[PDB]
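Residue numbers (PDB author numbering): 291 to 320, 324 to 336, 341 to 389.
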């Protein structure tokens, strides 16, 4: 066994004033893998976990730039992070 490879194909599907919806694909095979979503304002650091390859980030600041990483995790440990994805919430 070994840590999983990174999540793949990360897309920011929708963005609103206070939410951002994320989509991705499971990592290349290395067992059960879950995910760690780290996001922050790009100008506190937030971290949430998910079992499915989608996440709706909530109660974000309007008209704000965000960075987001996603990591895969199994019972060995976490993958190397995704590349950083940039998105921007809609102004109020």
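Ideal Cβ positions, reconstructed from N, Cα and C, are used throughout, including at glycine.
With a 10 Å radius around its C-beta and 16 neighbouring C-beta atoms as the bar for buried, classify residue 350 as buried or exposed. Buried is the label assigned to residue 350, since at least 16 other Cβ atoms lie within 10 Å of its Cβ.
Assign residue 328 to buried or exposed, taking buried as 16 or more other Cβ atoms, counted over all protein chains shown, within 10 Å of its Cβ. buried
How many angstroms separate the CA atom of residue 378 from the CA atom of residue 353? 19 Å
Residue 356 versus 297, 311, 294, residue with shortest Cα-Cα distance: 311
CB contact check: residue 313 to chain B, cutoff 8 Å: Included in the structure is just one protein chain, with no chain B present.
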